[PDB]
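Reviewing the structure listed below.
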There are 2 protein chains.
Amino acid sequence: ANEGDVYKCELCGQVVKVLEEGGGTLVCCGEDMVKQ
Amino acid sequence: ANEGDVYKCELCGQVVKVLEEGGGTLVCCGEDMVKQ
Ligand SMILES: [Cd+2]
Ligand SMILES: [Cd+2]
């Protein structure tokens, strides 16, 4: 997505800080993680 | 996953450092990201 970003799941509540962007999404709990 | 972990996609190559573990997975590119 964009280095130095954070993605939090709106289901479990998993938060991960992207340190290396790629070209996809973090579908967690069958739901595309949200950005913080 | 447990905090203090990293997840790299085997498609795009997106690396994200889990800040707050959770009961879910980071399905990216239709593939559950792998741990680093
Ligand atoms: Cd990906
Ligand atoms: Cd989740």
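Computed from the coordinates by the stated procedures, all read-outs in this text should not be read as laboratory data. We place every Cβ from the backbone using ideal geometry, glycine too, and count neighbours over all the protein chains shown.
Here are the numbers for the structure shown:
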quantity	calculated
Counted residues, the stretch B:1-23 - those being farther than 10 Å from A:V16 by Cα and either within 16 Å of ligand 1 (Cβ to nearest atom) or part of a strand (DSSP E or B) (or both)	7
Pick from the stretch B:1-23, criterion buried (at least 16 other Cβ atoms within 10 Å of the Cβ) and within 17 Å of A:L11 (Cα to Cα), ranking: farthest from ligand 2 (Cβ to nearest atom)	B:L19
Top-ranked residue in the stretch A:24-36 [being in a loop (DSSP other than H, G, I, E, B) and not hydroxyl-bearing (S, T, Y); ranked as farthest from ligand 2 (Cβ to nearest atom)]	A:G24
Per-region count, the stretch B:1-20, residues more than 10 Å from the chain's Cα centre (by Cα) and within 7 Å of chain A (Cβ to nearest Cβ)	5
